[PDB]
Amino acid sequence: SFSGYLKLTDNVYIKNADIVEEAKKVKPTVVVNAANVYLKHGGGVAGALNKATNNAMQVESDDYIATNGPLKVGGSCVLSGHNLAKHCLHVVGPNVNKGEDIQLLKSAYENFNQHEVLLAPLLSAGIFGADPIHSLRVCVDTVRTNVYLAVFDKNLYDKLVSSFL
Ligand SMILES: CCCn1nnc(NC(=O)c2ccco2)n1
């Protein structure tokens, strides 16, 4: 199962890890992708997860969008986890760099409650432009299921742990 995580709360754990390497090692039931509404996995966590699937995640995602149209900011869809997990839960956190409502971050984390255990990144962090300290606080105050957070950046991981209330 998951190893080397620091316990933050009853149900939230955190580790300085590359979520792709973590997914290949654990092969969890659910890996969360930091998706956009179009499921265009170009960069950040999405670009890295997609590259690890040899673009199979993008091919599956384009078929999903062709059939269903875009997701909502704050929404999600369950697709295959390919070689990384049983399932990938593509969750759209607000992208502050695109002027999206930061208040939708709680709605985005509510998607995690439909899964008993997940390997996940901090939503809206990184290239999505939100403050990761705020993302972690919304995560702990919203998610009730078991969430194993992988934070790629060591310096950010240390700041998140040392400032956690
Ligand atoms: C790229 C280094 C790790 N990192 N990942 N997301 C962030 N972002 C921030 O620290 C930030 C954005 C708005 C306020 O603070 N840093």
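Throughout, residue numbers begin from 1 within each chain and advance along the sequence as written. They need not agree with those in the entry, and any residue without coordinates is left out. No hydrogens and no water enter the side-chain calculation; it runs on all heavy atoms of the structure.

- Method of determination, as given in the entry header: X-ray crystallography; reported resolution: 1.1600 Å.

### A look at the overall build of the protein
For step 1, the next point in the chain: Helix and strand counts for the protein come out as six helices and seven strands.
For step 2, the next point in the chain: In the protein, the order of α-helices and β-strands from amino to carboxyl end is β-β-α-β-α-α-β-β-α-β-α-β-α.
For step 3, the next point in the chain: Put simply, the radius of gyration uses C-alpha atoms, and a globule should come to 2.2 Å times the residue count raised to 0.38. Computed over its C-alpha atoms, the radius of gyration of the protein comes to 14 Å, within 12% of the 15 Å expected for a compact globule of 165 residues.
For step 4, the next point in the chain: Burial classes: relative accessible area under 20% of the type maximum marks a residue as buried, over 50% as exposed, and values in between as partly exposed (1.4 Å probe, protein chains only). Looking at the protein as a whole, 51% of its 165 residues qualify as buried.
For step 5, the next point in the chain: Considering only contacts within the protein whose residues lie at least 6 apart along the sequence, 65% involve residues at least 24 apart.
For step 6, the next point in the chain: Element-wise, carbon and sulfur atoms account for 51% of the exposed surface of the protein, whose accessible area totals about 7,800 Å².
For step 7, the next point in the chain: Counted as positive: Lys and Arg. Counted as negative: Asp and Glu. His and the chain ends are not counted at all. Throughout, a charge is located at the NZ atom of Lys, the CZ atom of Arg, the CG atom of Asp or the CD atom of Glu. Across the protein, the 15 positively charged side chains and the 15 negatively charged ones have centroids separated by 3 Å. Per the convention used, a helix needs a DSSP run of H or I reaching at least four residues, while a strand needs a run of E reaching at least two, with both numbered from the N terminus. In this description, contact between two residues means that some pair of their heavy atoms is separated by no more than 4.5 Å. Throughout, the Shrake-Rupley method with a 1.4 Å probe supplies accessible areas, and for residues the shown protein chains are the sole cover considered.

### Observations regarding the pairing of strand β5 (residues 87-91)
For step 1, the next point in the chain: Buried residues dominate β5, accounting for four of its five residues.
For step 2, the next point in the chain: Here a strand pair is declared whenever DSSP counts at least two bridges between the two strands. Note: strand β3 (residues 30-34) against β5, five bridges, orientation parallel. Note on β5: the bridge partner recorded for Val31 is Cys88.
For step 3, the next point in the chain: Hairpin connection between strand β4 (residues 76-80) and β5: a loop of six residues separates the two successive antiparallel strands, and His82 in this loop has a positive phi of roughly 55°.

### Here's the deal with the site of the ligand
For step 1, the next point in the chain: Any residue with a non-hydrogen atom lying within 4 Å of a molecule or strand is treated as near it. By nearness alone, every residue bordering the ligand is listed as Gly126, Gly129, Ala130, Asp131, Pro132, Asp153 and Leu156.
For step 2, the next point in the chain: Take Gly126: an N or O atom from its main chain is 3.0 Å from a nitrogen atom of the ligand.
For step 3, the next point in the chain: For the ligand, whose free accessible area comes to 400 Å², the fraction covered by protein is 49%.
For step 4, the next point in the chain: Amino acid classes used here: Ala, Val, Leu, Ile, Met, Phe, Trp, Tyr, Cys and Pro are nonpolar; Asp, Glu, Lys and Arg are charged; the rest, including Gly, are polar. Residues of the shell around the ligand, tallied by class, amount to three nonpolar, two polar and two charged. Polar contact criterion, stated in full: a pair of N or O atoms within 3.5 Å, where within protein one must be able to donate a hydrogen and the other to accept it, and residues adjacent in sequence count only if both atoms are side-chain atoms.

### Observations concerning the packing of aromatic side chains
In this description, an aromatic ring pair is defined by two values, namely the gap between the centres and the angle between the planes.
For step 1, the next point in the chain: Side-chain rings of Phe, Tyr and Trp (the six-membered ring for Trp) are treated as a pair once their centres are within 6.5 Å; stacked means planes under 30 degrees apart, edge-to-face means over 60, and tilted covers the remaining angles. Here the structure, examined in full by the defined rule, presents five aromatic pairs.
For step 2, the next point in the chain: With centroids separated by 5.6 Å and ring planes inclined at 85°, the aromatic side chains of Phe2 and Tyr5 adopt a geometry described as edge-to-face. In this pair, the class of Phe2 matches that of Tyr5, namely buried.
For step 3, the next point in the chain: Here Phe2 and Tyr148 contribute two aromatic rings whose centre-to-centre distance is 3.8 Å and whose plane-to-plane angle is 5°, an arrangement assigned as stacked. Placement of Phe2 in the segment before β1 (6-7) and of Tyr148 in strand β7 (residues 146-151) is noted, with a sequence separation of 146 residues between them. An identical accessibility class is assigned to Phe2 and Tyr148; each is buried.
For step 4, the next point in the chain: Through successive ring pairs, a cluster of aromatic residues spans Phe2, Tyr5, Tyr13 and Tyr148.

### Section: empty space enclosed by the protein
For step 1, the next point in the chain: Cavity and pocket criteria rest on a 1 Å grid covering protein atoms alone: a 1.4 Å probe that fits but cannot get out defines a cavity, protein on both sides within 12 Å along at least 5 of 7 lines defines an open pocket, and an atom within 4 Å of a point defines a lining residue. Grid points are joined across faces, edges and corners, and a volume is the space filled by probe spheres set on the points. Within the structure shown, the criterion is met by one cavity of 30 Å³ or more.
For step 2, the next point in the chain: Taken as a whole, the largest cavity holds about 30 Å³ of empty space.

### Overview of the side chain of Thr145
For step 1, the next point in the chain: For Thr145, the location among the structural elements is in the loop between α5 (132-142) and β7.
For step 2, the next point in the chain: A distance of 3.0 Å separates a polar atom in the side chain of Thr145 from the backbone oxygen of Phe112.
For step 3, the next point in the chain: When sequence neighbours within four positions are dropped, the list of residues in contact with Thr145 reads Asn11, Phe112, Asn113, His115, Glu116 and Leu118.

### A short note on the side chain of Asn95
For step 1, the next point in the chain: By the secondary structure assignment, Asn95 is in the loop between β5 and α4 (104-110).
For step 2, the next point in the chain: By relative accessible area, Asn95 is classed as buried at 8%.
For step 3, the next point in the chain: A distance of 2.9 Å separates a polar side-chain atom of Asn95 from the backbone nitrogen of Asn97.
For step 4, the next point in the chain: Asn95 has contacts with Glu100, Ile127 and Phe128, leaving out every residue within four places of it along the chain.

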